[PDB]
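*Asks:* Got model23.csv for you, CSV, C-alpha atoms and all ligand atoms:
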```
chain,number,residue,atom,x,y,z
C,2,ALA,CA,-19.5,-76.6,12.8
C,3,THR,CA,-19.5,-75.7,16.5
C,4,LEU,CA,-20.3,-72.1,17.5
C,5,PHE,CA,-19.0,-70.1,20.4
C,6,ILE,CA,-20.3,-66.7,21.6
C,7,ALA,CA,-19.8,-64.7,24.8
C,8,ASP,CA,-20.1,-61.2,26.3
C,9,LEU,CA,-23.4,-60.2,24.8
C,10,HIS,CA,-24.4,-58.4,28.0
C,11,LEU,CA,-28.0,-58.5,27.0
C,12,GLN,CA,-30.2,-56.0,28.8
C,13,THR,CA,-33.6,-54.3,28.1
C,14,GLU,CA,-31.9,-50.9,27.5
C,15,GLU,CA,-30.0,-52.4,24.5
C,16,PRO,CA,-32.7,-53.9,22.3
C,17,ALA,CA,-30.5,-53.9,19.2
C,18,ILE,CA,-28.2,-56.5,20.7
C,19,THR,CA,-31.2,-58.6,21.7
C,20,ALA,CA,-32.5,-58.4,18.2
C,21,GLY,CA,-29.1,-59.3,16.8
C,22,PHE,CA,-29.0,-62.3,19.1
C,23,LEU,CA,-32.5,-63.4,18.2
C,24,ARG,CA,-31.5,-63.1,14.5
C,25,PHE,CA,-28.4,-65.2,15.2
C,26,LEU,CA,-30.5,-67.9,16.9
C,27,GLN,CA,-33.0,-68.0,14.1
C,28,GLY,CA,-30.4,-68.3,11.4
C,29,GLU,CA,-26.8,-69.3,12.0
C,30,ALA,CA,-27.3,-71.3,15.2
C,31,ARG,CA,-29.9,-73.6,13.7
C,32,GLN,CA,-27.2,-75.0,11.3
C,33,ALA,CA,-24.7,-75.7,14.1
C,34,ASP,CA,-23.6,-79.0,15.6
C,35,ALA,CA,-23.7,-77.2,19.0
C,36,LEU,CA,-23.7,-73.7,20.5
C,37,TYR,CA,-21.5,-72.8,23.5
C,38,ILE,CA,-22.2,-69.5,25.3
C,39,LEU,CA,-19.0,-68.7,27.3
C,40,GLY,CA,-20.5,-66.3,29.9
C,41,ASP,CA,-21.8,-62.8,30.2
C,42,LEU,CA,-24.9,-63.6,28.1
C,43,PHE,CA,-26.7,-61.2,30.4
C,44,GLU,CA,-25.5,-57.8,31.7
C,45,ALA,CA,-26.8,-58.8,35.2
C,46,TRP,CA,-28.5,-61.7,36.9
C,47,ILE,CA,-30.0,-61.7,40.4
C,48,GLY,CA,-31.6,-65.1,40.3
C,49,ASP,CA,-33.8,-67.3,38.1
C,50,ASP,CA,-36.9,-66.1,39.9
C,51,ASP,CA,-36.5,-62.7,38.3
C,52,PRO,CA,-39.6,-62.0,36.2
C,53,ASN,CA,-37.7,-59.7,33.8
C,54,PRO,CA,-39.5,-60.4,30.5
C,55,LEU,CA,-36.2,-60.3,28.6
C,56,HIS,CA,-35.2,-63.5,30.4
C,57,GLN,CA,-38.2,-65.4,29.2
C,58,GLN,CA,-37.8,-64.0,25.6
C,59,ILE,CA,-34.2,-65.2,25.5
C,60,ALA,CA,-35.0,-68.6,27.1
C,61,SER,CA,-37.7,-69.2,24.5
C,62,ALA,CA,-35.4,-68.3,21.7
C,63,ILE,CA,-32.6,-70.5,22.9
C,64,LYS,CA,-35.1,-73.3,23.6
C,65,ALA,CA,-36.2,-73.2,19.9
C,66,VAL,CA,-32.6,-73.8,18.9
C,67,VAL,CA,-32.4,-76.8,21.3
C,68,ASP,CA,-35.7,-78.1,19.9
C,69,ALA,CA,-34.3,-77.8,16.4
C,70,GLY,CA,-31.7,-80.3,17.4
C,71,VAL,CA,-28.8,-78.1,18.4
C,72,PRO,CA,-27.5,-78.7,21.9
C,73,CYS,CA,-26.7,-75.4,23.7
C,74,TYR,CA,-24.3,-75.0,26.6
C,75,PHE,CA,-23.5,-72.2,29.0
C,76,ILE,CA,-20.5,-71.4,31.1
C,77,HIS,CA,-21.1,-68.6,33.7
C,78,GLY,CA,-19.5,-65.2,33.3
C,79,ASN,CA,-18.6,-62.6,35.9
C,80,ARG,CA,-21.9,-60.8,35.3
C,81,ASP,CA,-24.3,-63.8,35.2
C,82,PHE,CA,-22.8,-66.3,37.6
C,83,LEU,CA,-26.2,-66.7,39.3
C,84,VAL,CA,-27.8,-68.2,36.3
C,85,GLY,CA,-29.2,-71.5,37.6
C,86,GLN,CA,-30.9,-74.7,36.8
C,87,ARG,CA,-34.4,-73.2,36.6
C,88,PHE,CA,-33.2,-71.0,33.7
C,89,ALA,CA,-31.3,-73.9,32.3
C,90,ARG,CA,-34.7,-75.8,32.1
C,91,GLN,CA,-36.5,-72.9,30.7
C,92,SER,CA,-34.0,-72.4,27.9
C,93,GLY,CA,-33.0,-76.0,27.3
C,94,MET,CA,-29.4,-75.1,27.9
C,95,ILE,CA,-26.9,-77.3,29.8
C,96,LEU,CA,-24.9,-75.6,32.5
C,97,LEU,CA,-21.2,-76.4,32.3
C,98,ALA,CA,-18.3,-76.0,34.8
C,99,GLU,CA,-15.9,-73.0,34.7
C,100,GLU,CA,-13.4,-75.0,32.6
C,101,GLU,CA,-14.4,-77.7,30.1
C,102,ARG,CA,-12.3,-79.7,27.7
C,103,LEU,CA,-14.1,-80.4,24.4
C,104,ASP,CA,-13.4,-82.8,21.5
C,105,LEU,CA,-14.1,-80.6,18.4
C,106,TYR,CA,-13.7,-82.8,15.4
C,107,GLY,CA,-10.6,-84.5,16.9
C,108,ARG,CA,-9.1,-81.2,18.2
C,109,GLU,CA,-9.0,-81.0,22.1
C,110,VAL,CA,-10.1,-77.5,23.1
C,111,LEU,CA,-10.3,-75.8,26.5
C,112,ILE,CA,-13.2,-73.4,27.0
C,113,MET,CA,-13.9,-71.0,29.8
C,114,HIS,CA,-15.3,-67.5,30.3
C,115,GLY,CA,-11.8,-66.1,30.8
C,116,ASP,CA,-12.0,-64.0,34.0
C,117,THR,CA,-10.1,-66.6,36.0
C,118,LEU,CA,-7.1,-66.1,33.7
C,119,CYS,CA,-6.8,-62.4,34.7
C,120,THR,CA,-4.8,-63.2,37.8
C,121,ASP,CA,-3.1,-59.8,37.9
C,122,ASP,CA,-6.5,-58.3,39.0
C,123,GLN,CA,-6.1,-59.5,42.6
C,124,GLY,CA,-9.0,-57.4,43.8
C,125,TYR,CA,-11.4,-58.9,41.3
C,126,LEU,CA,-10.3,-62.5,42.1
C,127,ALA,CA,-11.1,-61.8,45.8
C,128,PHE,CA,-14.6,-60.5,44.9
C,129,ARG,CA,-15.1,-63.5,42.6
C,130,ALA,CA,-14.1,-65.9,45.4
C,131,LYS,CA,-16.8,-64.3,47.6
C,132,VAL,CA,-19.7,-64.3,45.1
C,133,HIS,CA,-18.9,-67.9,44.1
C,134,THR,CA,-19.0,-69.2,47.7
C,135,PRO,CA,-22.1,-71.4,47.9
C,136,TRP,CA,-23.4,-70.2,51.2
C,137,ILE,CA,-23.0,-66.6,50.2
C,138,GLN,CA,-25.0,-67.2,46.9
C,139,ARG,CA,-27.7,-69.0,48.9
C,140,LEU,CA,-28.1,-66.1,51.3
C,141,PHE,CA,-28.3,-63.5,48.5
C,142,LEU,CA,-30.8,-65.6,46.6
C,143,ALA,CA,-32.9,-65.9,49.8
C,144,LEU,CA,-33.3,-62.1,49.9
C,145,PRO,CA,-36.5,-60.7,48.4
C,146,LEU,CA,-36.4,-59.9,44.7
C,147,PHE,CA,-36.9,-56.2,45.3
C,148,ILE,CA,-34.0,-56.2,47.7
C,149,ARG,CA,-31.7,-58.0,45.2
C,150,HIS,CA,-32.7,-55.6,42.5
C,151,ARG,CA,-31.7,-52.7,44.8
C,152,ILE,CA,-28.4,-54.3,45.7
C,153,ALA,CA,-27.7,-54.9,42.0
C,154,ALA,CA,-28.7,-51.4,40.9
C,155,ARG,CA,-26.4,-49.9,43.6
C,156,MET,CA,-23.5,-52.1,42.8
C,157,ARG,CA,-23.7,-51.5,39.0
C,158,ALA,CA,-23.7,-47.8,39.7
C,159,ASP,CA,-20.2,-48.2,41.2
C,170,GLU,CA,-11.1,-51.0,31.2
C,171,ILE,CA,-11.1,-54.8,31.5
C,172,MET,CA,-7.8,-56.3,32.8
C,173,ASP,CA,-6.3,-58.7,30.3
C,174,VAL,CA,-5.2,-62.3,30.8
C,175,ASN,CA,-2.0,-63.3,32.6
C,176,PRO,CA,0.2,-65.2,30.1
C,177,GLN,CA,1.4,-67.7,32.7
C,178,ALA,CA,-2.2,-68.4,33.8
C,179,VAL,CA,-2.9,-69.3,30.2
C,180,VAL,CA,0.0,-71.7,30.0
C,181,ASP,CA,-1.0,-73.2,33.3
C,182,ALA,CA,-4.6,-73.8,32.2
C,183,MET,CA,-3.6,-75.3,28.8
C,184,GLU,CA,-1.1,-77.6,30.5
C,185,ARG,CA,-3.4,-78.6,33.3
C,186,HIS,CA,-5.8,-79.7,30.5
C,187,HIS,CA,-3.1,-80.8,28.0
C,188,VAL,CA,-4.7,-78.9,25.1
C,189,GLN,CA,-3.2,-76.8,22.3
C,190,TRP,CA,-6.4,-74.7,21.8
C,191,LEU,CA,-8.2,-72.4,24.3
C,192,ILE,CA,-11.3,-70.3,23.6
C,193,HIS,CA,-12.5,-67.7,26.0
C,194,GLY,CA,-14.2,-64.3,26.2
C,195,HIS,CA,-14.4,-61.8,29.1
C,196,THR,CA,-11.5,-59.6,27.9
C,197,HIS,CA,-13.4,-58.1,24.9
C,198,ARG,CA,-10.2,-58.2,22.7
C,199,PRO,CA,-11.1,-60.6,19.9
C,200,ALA,CA,-7.9,-62.1,18.6
C,201,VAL,CA,-5.9,-65.2,18.0
C,202,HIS,CA,-2.7,-65.6,20.0
C,203,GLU,CA,0.0,-68.1,19.4
C,204,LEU,CA,1.9,-69.5,22.4
C,205,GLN,CA,3.7,-72.7,23.5
C,206,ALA,CA,2.0,-75.3,25.8
C,207,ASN,CA,2.9,-78.9,26.4
C,208,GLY,CA,6.0,-78.4,24.3
C,209,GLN,CA,4.1,-77.6,21.1
C,210,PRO,CA,2.5,-74.5,19.5
C,211,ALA,CA,-0.8,-73.6,21.1
C,212,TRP,CA,-3.4,-71.0,20.3
C,213,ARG,CA,-5.7,-68.8,22.4
C,214,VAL,CA,-8.8,-67.6,20.6
C,215,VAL,CA,-10.7,-64.6,22.2
C,216,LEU,CA,-14.3,-63.8,21.5
C,217,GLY,CA,-15.6,-60.2,21.0
C,218,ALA,CA,-18.2,-58.4,23.0
C,219,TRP,CA,-21.5,-57.6,21.1
C,220,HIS,CA,-20.9,-53.9,21.2
C,221,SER,CA,-21.8,-52.6,17.7
C,222,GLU,CA,-21.6,-55.9,15.8
C,223,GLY,CA,-21.8,-59.5,16.7
C,224,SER,CA,-18.9,-61.9,17.2
C,225,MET,CA,-18.6,-65.6,17.1
C,226,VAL,CA,-16.0,-68.3,16.9
C,227,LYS,CA,-16.8,-71.2,14.5
C,228,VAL,CA,-14.8,-74.4,14.8
C,229,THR,CA,-14.9,-76.8,11.8
C,230,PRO,CA,-13.0,-80.0,11.0
C,231,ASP,CA,-10.8,-77.8,8.8
C,232,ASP,CA,-10.2,-74.5,10.6
C,233,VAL,CA,-11.0,-72.1,13.4
C,234,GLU,CA,-12.9,-68.9,12.4
C,235,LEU,CA,-13.4,-65.6,14.3
C,236,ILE,CA,-16.3,-64.0,12.7
C,237,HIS,CA,-17.8,-60.5,13.0
C,238,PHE,CA,-21.3,-59.8,11.6
C,239,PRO,CA,-24.0,-57.2,11.8
C,240,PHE,CA,-26.8,-57.4,14.4
C,241,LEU,CA,-29.5,-56.9,11.9
C,242,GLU,CA,-30.2,-57.6,8.2
C,243,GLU,CA,-28.3,-54.8,6.4
C,244,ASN,CA,-30.5,-54.2,3.3
C,245,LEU,CA,-28.4,-52.9,0.5
C,246,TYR,CA,-29.7,-50.0,-1.6
C,247,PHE,CA,-28.2,-47.8,-4.2
C,248,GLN,CA,-27.3,-44.1,-4.6
C,249,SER,CA,-26.8,-42.7,-8.2
J,1,LIG,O1,-11.4,-57.0,35.5
J,1,LIG,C1,-11.9,-58.1,35.4
J,1,LIG,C2,-13.2,-58.4,36.0
J,1,LIG,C3,-14.3,-57.4,35.5
J,1,LIG,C4,-15.0,-56.7,36.6
J,1,LIG,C5,-15.8,-57.7,37.4
J,1,LIG,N1,-16.8,-57.0,38.1
J,1,LIG,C6,-18.2,-57.5,38.1
J,1,LIG,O2,-18.4,-58.5,37.5
J,1,LIG,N2,-19.3,-56.8,38.8
J,1,LIG,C7,-20.7,-57.2,38.9
J,1,LIG,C8,-21.2,-58.3,38.3
J,1,LIG,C9,-22.5,-58.6,38.3
J,1,LIG,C10,-23.4,-57.7,39.0
J,1,LIG,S1,-25.1,-58.0,39.1
J,1,LIG,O3,-25.9,-56.8,38.9
J,1,LIG,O4,-25.6,-59.0,38.0
J,1,LIG,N3,-25.4,-58.8,40.5
J,1,LIG,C11,-25.1,-57.9,41.7
J,1,LIG,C12,-25.6,-58.6,43.0
J,1,LIG,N4,-25.0,-59.9,43.0
J,1,LIG,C13,-24.5,-60.4,44.2
J,1,LIG,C14,-24.4,-61.8,44.3
J,1,LIG,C15,-24.0,-62.3,45.5
J,1,LIG,CL1,-23.8,-64.1,45.6
J,1,LIG,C16,-23.7,-61.5,46.6
J,1,LIG,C17,-23.9,-60.1,46.5
J,1,LIG,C18,-23.6,-59.2,47.6
J,1,LIG,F1,-23.2,-59.9,48.7
J,1,LIG,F2,-22.7,-58.3,47.3
J,1,LIG,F3,-24.7,-58.5,48.0
J,1,LIG,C19,-24.3,-59.6,45.3
J,1,LIG,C20,-25.4,-60.7,41.9
J,1,LIG,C21,-24.9,-60.1,40.6
J,1,LIG,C22,-22.9,-56.5,39.6
J,1,LIG,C23,-21.5,-56.3,39.6
J,1,LIG,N5,-11.1,-59.1,34.9
J,1,LIG,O5,-9.8,-58.8,34.3
J,2,MN,MN,-18.0,-59.4,29.0
J,3,MN,MN,-16.8,-61.1,31.6
```
Represent the structure from my file as structure tokens, please.
*Replies:*
Amino acid sequence: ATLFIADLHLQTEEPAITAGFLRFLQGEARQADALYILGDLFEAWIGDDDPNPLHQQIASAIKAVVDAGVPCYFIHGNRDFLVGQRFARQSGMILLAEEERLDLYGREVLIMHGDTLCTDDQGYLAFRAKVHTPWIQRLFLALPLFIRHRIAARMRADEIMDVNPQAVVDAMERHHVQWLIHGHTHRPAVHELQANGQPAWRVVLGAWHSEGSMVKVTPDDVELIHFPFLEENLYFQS
């Protein structure tokens, strides 16, 4: 099986999510053929030189999955688009492009974070175009870490728009797939549509708000799975 997760929004103020992700990496992920993280792994990212201990904790945990023989891949989200090759090396993850076509047991599947499908949010797409401009990222990353932290804290102090159905069809026809997996919108669901003259499906990951969410693709099926962060020990009441 191949696993997909997204929209964890890890942060030191939410240790329950971190614990849930560490439990996921120690258990389920170790049995996978591959793990794809489709963006928004972190609530924020201001560059790989950030000494935030959570980053090293997460990198070590992911690296243990990689060393266990499970390749891990990352597509950037709207929150963590500055994740770079230094973190990729620390974590053992492979950085992928904003759209990737996968062969999953003979099924061609398009994966992406999903924010680029939300083409009705014209203001966001303009912001996205700016912060994905390479010379702008290079200038921001050049600023001192304490400045970047102040910029980020100020900006974060300032409802997620859903996908545009025509953008979905465009993407699945550009890639000639019948299957699309994405996150970003926080509306876990399976949508049927038509692409390339045939039925097509759009599978949406959940955010890790109160429980975890993953998509698990097998040779036989596609599974959207919700599970508790921590081991829920049963006990009995007379
Ligand atoms: O609705 C939708 C979309 C949903 C809403 C999208 N909004 C959203 O993602 N906001 C946001 C994301 C990340 C952060 S951050 O804290 O991690 N961090 C802030 C500073 N960052 C920066 C980088 C560069 Cl290159 C340049 C600058 C500059 F020039 F501004 F200083 C700053 C790096 C990132 C802060 C806010 N879809 O339907
Ligand atoms: Mn998200
Ligand atoms: Mn997002």
*Asks:* Check the smallest atom-to-atom distance from each of C:47, C:6, C:192, C:59 to residue C:35 using all atoms listed in the file, then report the winner.
*Replies:*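 Of C:47, C:6, C:192, C:59, the one nearest residue C:35, counting all atoms listed in the file, is C:6.
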*Asks:* For stretch 227-229 of chain C, list every protein, DNA or RNA residue within 12 Å, evaluated using only C-alpha atoms, and leave out those in the same chain fewer than 4 positions away; present the list as a PDB file with C-alpha atoms, in the coordinates of the input.
*Replies:*
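Below is the file selection_1.pdb, written as the result:
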```
ATOM      1  CA  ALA C   2     -19.500 -76.600  12.800  1.00  0.00           C
ATOM      2  CA  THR C   3     -19.500 -75.700  16.500  1.00  0.00           C
ATOM      3  CA  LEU C   4     -20.300 -72.100  17.500  1.00  0.00           C
ATOM      4  CA  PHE C   5     -19.000 -70.100  20.400  1.00  0.00           C
ATOM      5  CA  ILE C   6     -20.300 -66.700  21.600  1.00  0.00           C
ATOM      6  CA  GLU C  29     -26.800 -69.300  12.000  1.00  0.00           C
ATOM      7  CA  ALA C  30     -27.300 -71.300  15.200  1.00  0.00           C
ATOM      8  CA  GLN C  32     -27.200 -75.000  11.300  1.00  0.00           C
ATOM      9  CA  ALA C  33     -24.700 -75.700  14.100  1.00  0.00           C
ATOM     10  CA  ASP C  34     -23.600 -79.000  15.600  1.00  0.00           C
ATOM     11  CA  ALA C  35     -23.700 -77.200  19.000  1.00  0.00           C
ATOM     12  CA  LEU C  36     -23.700 -73.700  20.500  1.00  0.00           C
ATOM     13  CA  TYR C  37     -21.500 -72.800  23.500  1.00  0.00           C
ATOM     14  CA  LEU C 103     -14.100 -80.400  24.400  1.00  0.00           C
ATOM     15  CA  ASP C 104     -13.400 -82.800  21.500  1.00  0.00           C
ATOM     16  CA  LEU C 105     -14.100 -80.600  18.400  1.00  0.00           C
ATOM     17  CA  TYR C 106     -13.700 -82.800  15.400  1.00  0.00           C
ATOM     18  CA  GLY C 107     -10.600 -84.500  16.900  1.00  0.00           C
ATOM     19  CA  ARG C 108      -9.100 -81.200  18.200  1.00  0.00           C
ATOM     20  CA  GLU C 109      -9.000 -81.000  22.100  1.00  0.00           C
ATOM     21  CA  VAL C 110     -10.100 -77.500  23.100  1.00  0.00           C
ATOM     22  CA  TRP C 190      -6.400 -74.700  21.800  1.00  0.00           C
ATOM     23  CA  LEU C 191      -8.200 -72.400  24.300  1.00  0.00           C
ATOM     24  CA  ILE C 192     -11.300 -70.300  23.600  1.00  0.00           C
ATOM     25  CA  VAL C 214      -8.800 -67.600  20.600  1.00  0.00           C
ATOM     26  CA  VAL C 215     -10.700 -64.600  22.200  1.00  0.00           C
ATOM     27  CA  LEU C 216     -14.300 -63.800  21.500  1.00  0.00           C
ATOM     28  CA  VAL C 233     -11.000 -72.100  13.400  1.00  0.00           C
ATOM     29  CA  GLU C 234     -12.900 -68.900  12.400  1.00  0.00           C
ATOM     30  CA  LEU C 235     -13.400 -65.600  14.300  1.00  0.00           C
ATOM     31  CA  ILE C 236     -16.300 -64.000  12.700  1.00  0.00           C
ATOM     32  CA  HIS C 237     -17.800 -60.500  13.000  1.00  0.00           C
TER      33      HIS C 237
END
```
*Asks:* Would you mind listing what lies within 10 Å of stretch 135-148 of chain C as a VMD selection string, with only C-alpha atoms counted and same-chain residues fewer than 6 positions away left out?
*Replies:* chain C and resid 47 to 52 82 to 83 154
*Asks:* Show me which residues sit within 6 Å of ligand MN 2 (chain J) when counting all atoms listed in the file, and put them as an NGL selection string.
*Replies:* :C and (8 or 41 or 195)
*Asks:* What does the list of residues within 10 Å of ligand MN 3 (chain J) look like if you count only C-alpha atoms and all ligand atoms, written as a list in words?
*Replies:* residues 7, 8, 9, 10, 39, 40, 41, 42, 43, 44, 77, 78, 79, 80, 81, 82, 114, 115, 116, 117, 171, 193, 194, 195, 196, 197 and 218 of chain C
*Asks:* Check the smallest atom-to-atom distance from each of C:46, C:240, C:128, C:246 to ligand LIG 1 (chain J) using all atoms listed in the file, then report the winner.
*Replies:*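 That would be C:46, the residue with the smallest distance to ligand LIG 1 (chain J).
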*Asks:* Go ahead and compute the interatomic distance for atom CA of residue C:54 and atom CA of residue C:222, in Å to one decimal.
*Replies:*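 Going from atom CA of residue C:54 over to atom CA of residue C:222 covers 23.6 Å.
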*Asks:* In terms of the shortest atom-to-atom distance over all atoms listed in the file, which of C:200, C:225, C:11, C:211 is closest to ligand LIG 1 (chain J)?
*Replies:*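 Checking each of C:200, C:225, C:11, C:211 against ligand LIG 1 (chain J), counting all atoms listed in the file, the winner is C:11.
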*Asks:* Would you work out the distance separating atom CA of residue C:38 from atom CA of residue C:153, expressed in Å to one decimal?
*Replies:* 22.9 Å
*Asks:* Under the rule that only C-alpha atoms and all ligand atoms are counted, which of C:125, C:75, C:88, C:22 is the nearest residue to ligand LIG 1 (chain J)?
*Replies:* C:125
*Asks:* Nearest to ligand LIG 1 (chain J): which of C:70, C:172, C:89, C:21 is it, counting all atoms listed in the file?
*Replies:*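 Result for the nearest residue to ligand LIG 1 (chain J): C:172.
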*Asks:* Ranking C:174, C:158, C:45, C:69 by minimum distance to ligand LIG 1 (chain J) and counting all atoms listed in the file, which one comes first?
*Replies:*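 Among C:174, C:158, C:45, C:69, it is C:45 that comes nearest to ligand LIG 1 (chain J).
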*Asks:* Interatomic distance between atom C12 of ligand LIG 1 (chain J) and atom CA of residue C:152?
*Replies:*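 Spanning atom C12 of ligand LIG 1 (chain J) to atom CA of residue C:152 is a straight-line distance of 5.8 Å.
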*Asks:* Using only C-alpha atoms, collect all residues at a distance of at most 10 Å from (2.7, -72.0, 22.9) as written in the file, then present them as a ChimeraX atom specification.
*Replies:* /C:179-180,183,189-190,202-213
